[PDB]
């Protein structure tokens with residue numbers, strides 16, 4: 001008897017499908033333009049801070065320790081400013097922000113646009129211009145979601161659909177304009193950040209409008225220079241796909257170890273300061289001054305993670321340097337992100353994945369010679385593999401790497417590794433990172449209520 | 001006040017995420033291999049039948065009307081076989097198949113793998129080798145869904161998640177092996193074919209296994225024959241994006257008119273025969289014969305439409321011929337899909353979109369000289385536009401055209417034309433075609449449920 005009414009409802013629902021009102025479809029363009037302006041202001045600010053920190057070496061270019069000490073000092077105070085702002089005015093700004101946007105899409109974790117926008121925009125600017133290794137997409141995604149919550153009370157719009165829709169398209173535009181990827185912004189909304197346990201009416205056309213009205217405002221400035229440039233590499237033949245599957249096995253068995261390391265280092269770095277604000281700011285300044293000293297000398301194991309990647313793929317880079325770069329980048333990414341720093345972790349995961357991919361490719365080109373292999377394709381194949389192993393977002397983790405490279409023909413070696421890094425991460429016994437940070441924060445929020 | 005237990009359940013849900021059983025994840029590989037085998041068997045059979053229908057002219061290459069009438073006769077009987085099959089044995093194999101899989105995934109529309117596979121695999125072979133304007137997409141997606149139901153009663157696997165997951169990965173691999181696109185096959189499922197109103201539990205990873213396990217089986221049998229081969233066209237600068245927006249407005253004002261034309265032609269060709277099986281298969285023979293005739297003479301306005309796109313973009317063509325090609329293609333697609341013949345209207349939408357894109361580009365290169373334009377860019381921007389304006393699937397309509405063309409440098413004109421198509425196809429008042437066909441057959445089912 002239930003089949004009589006569900007078809008009567010399904011006919012009435014299908015004859016009015018994908019019909020979203022013009023109020024939402026126009027308010028999703030102003031948030032796209034605003035996030036597109038704010039993201040390029042963020043990028044110009046971090047580029048200006050990096051340029052002035054690189055130009056500060058010519059003041060005293062004679063003494064080595066007294067030359068690195070002033071770089072350590074400015075990278076320390078530029079991170080203490082951001083840490084002090086985050087711990088004082090809005091403690092929700094810490095971490096990567098994508099778990100709090102995911103929480104705000106499911107009615108917990110209240111977003112405060114009046115409070116957390118001009119502490120994120122001025123704290124992430126400091127701790128990203130200070131040479132720390134953080135992906136500059138996390139603050140842009142949180143800034144996008146909070147600009148979406150800003151322009152819903154500024155223009156006083158009402159409804160239990162608009163506060164899902166504008167909150168989604170802001171966090172789509174923030175991921176689109178931080179990577180110059182106008183498709184990964186949509187595919188990180190419809191795959192990961194949407195609530196996977198409840199049906200919501202997130203307007204996909206409004207997400208489209210916000211993504212293109214932020215990608216246009218990203219491409220008006222800094223015209224067509226990409227964040228990563230590498231030419232059309234060698235095509236991957238059919239008989240070598242099992243090597244990419246083996247790389248997926250390695251990445252999937254590495255992923256949950258990285259998640260356990262991050263979730264343990266968070267407890268350790270919280271225990272070493274005990275909740276004291278001044279001790280936390282001093283520890284953040286010390287841990288950022290490490291990030292800036294390695295940005296000054298031996299500059300490969302620091303920075304945003306986009307000055308290292310295109311020279312590892314199809315480039316001269318020895319394995320003895322490569323294993324040190326991998327170990328040091330694990331250490332300094334674990335120090336940066338797992339310390340409450342305002343900053344996301346996509347670009348360090350992409351850098352770790354492409355360094356381990358270059359390592360596996362340099363192993364395979366000497367171990368299996370009869371395929372006439374190239375070591376450059378394994379870096380592009382394993383770029384979107386640590387994302388598929390630790391975020392468990394293996395469709396946008398492949399679409400982003402296909403987007404920012406313009407190297408199509410290894411889409412099947414990319415997608416094999418993107419599957420095999422999630423199969424042997426589920427069967428290993430891991431959890432997704434951006435769904436575990438939200439669970440930990442929700443447990444900490446609930447356990448305070450006695 | 002109700003947040004004393006729902007977030008406590010949300011913590012338990014978020015900790016246990018992406019935990020798919022190994023039985024589902026292993027049954028999602030045998031369906032991938034079987035769809036990858038059946039699709040390339042379908043493609044090799046339709047290629048062989050096209051080869052015999054093309055080599056039949058060598059036997060009688062002296063007389064024009066006696067050469068044309070035997071082509072008319074074989075193209076008529078090759079469609080009468082498919083029409084007689086689809087009307088005698090399984091009447092649910094008509095049309096496209098994606099509505100009869102989307103309705104099957106809503107736990108309506110009962111799947112019959114014992115009855116729909118050996119009618120589609122032998123009738124959609126004949127009506128596509130005969131030369132009708134049908135895609136090889138619908139008959140592969142429906143064969144995929146029926147295989148996904150076949151290996152669930154073969155292995156007698158019981159579940160409330162497996163009967164949607166296998167039915168989803170079959171219709172994922174059916175689109176992935178029809179275009180050599182292992183990303184459009186997933187982005188058709190997680191965007192369009194899933195339940196858009198009810199909360200479902202389609203596991204993303206088990207679609208993701210079967211897509212690559214079908215793409216490998218595709219590429220292992222067809223060596224290197226790409227679908228569409230056009231070179232790297234000139235990238236659109238940011239002062240001519242409004243031309244792609246205007247093309248999107250034209251496509252959006254065309255889209256619902258095309259949908260209403262198809263929906264009207266369905267009732268017209270239903271009323272012209274009145275349920276008579278012999279009159280219907282004679283109508284199918286006439287509509288196959290007067291499409292194989294245009295396959296022989298003036299061969300642009302027939303076929304799947306993939307022997308036309310490299311001539312349309314980056315090729316010499318006249319607008320006075322292109323107008324006739326467009327109107328004849330709309331007439332023959334209207335007469336071929338909307339007549340119950342087993343064939344998807346997906347490739348005759350791609351060909352129509354790139355024809356209208358070339359017709360916009362060859363107007364704009366003359367009307368706007370100072371832009372230093374190139375007419376082949378607008379064809380690639382308009383190929384992914386009729387899907388966004390009539391199927392209203394504007395994400396897979398962009399990812400698929402990015403797959404089978406390999407032109408990333410115009411991804412922003414492509415996405416602008418796609419959403420400018422869906423905006424003026426929503427504000428005109430149209431419905432998506434795959435959600436209108438399902439609503440019409442559900443209403444026809446409710447009519448006979450007295």
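Values quoted throughout were computed directly from the atomic coordinates according to the rules given, and no laboratory measurement underlies them. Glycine gets a Cβ as well: all are built from the backbone with ideal geometry, and neighbour counts include every protein chain shown.
Values for this structure:
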read-out: Rough spin-label spacing in nm, given labels placed 7 Å along Cα→Cβ, for residue A:365 and residue B:368; value: 4.4 nm
read-out: Convex hull per residue volume in Å³, alpha carbons only, for region A:239-363; value: 104 Å³
read-out: In nm, spacing of pseudo-spin labels at residue B:153 and residue B:12 (7 Å Cα→C-beta vector); value: 3.6 nm
read-out: Most mobile of B:136, B:12, B:115 in a GNM of chain B (Cα contacts under 10 Å); value: B:12
read-out: Estimated Rh, region B:73-223: Kirkwood, alpha-carbon pairs, angstrom; value: 15.7 Å
read-out: In nm, spacing of pseudo-spin labels at residue B:268 and residue A:61 (7 Å Cα→C-beta vector); value: 7.8 nm
read-out: Residue-averaged 222 nm ellipticity for chain A, from DSSP H runs of 4+ at -39500 (n - 2.57), nearest 500; value: -21500 deg cm²/dmol
read-out: Other-copy label distances relative to residue A:3, 7 angstrom Cα-Cβ extension, nm; value: 4.3
read-out: Potential extension, residue A:297-residue A:52 segment - 0.36 nm per residue separation minus Cα distance; value: 86.6 nm
read-out: Partner chain coverage, peptide B:400-408 - average Cβ within 10 angstrom; value: 3
read-out: For residue B:22, label point 7 Å along C-beta direction: distances to other copies, nm; value: 5.8
read-out: Rounded, prolate or oblate (a/c below 1.5 giving rounded, otherwise prolate when a/b exceeds b/c) for region B:312-351 by Cα gyration tensor; value: oblate
read-out: Centre separation in Å (Cα based) which lies between region B:380-426 and region B:57-110; value: 29 Å
read-out: Residues residue B:316 and residue A:221, FRET efficiency given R0 of 30 Å [Cβ-Cβ distance, rounded to 0.05]; value: 0.20
read-out: Ascending count of other beta-carbon atoms within 10 Å, so fewest first, for A:323, A:58, B:40; value: A:58, A:323, B:40
read-out: Region B:211-262-region A:307-361 distance, computed between alpha-carbon centres (Å); value: 36 Å
read-out: Inter-copy label distances at residue A:60 (7 Å, Cα→Cβ; nm, one decimal); value: 9.8
read-out: Computed Kirkwood radius, in angstrom, where 1/r is averaged over Cα pairs of chain A; value: 22.6 Å
read-out: Tensor-based shape of region A:399-450 (alpha-carbon gyration tensor, a/c under 1.5 rounded, otherwise prolate or oblate); value: oblate
read-out: Modelled FRET efficiency - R0 35 Å, residue A:260 with residue A:282, Cβ distances, 0.05 increments; value: 0.80
read-out: Cβ nearest the rotation axis (B onto A), residue from chain B and distance to the nearest whole Å; value: B:199, 2
read-out: Three principal axis lengths of the protein assembly as shown [C-alpha, angstrom, descending]; value: 95, 60, 55
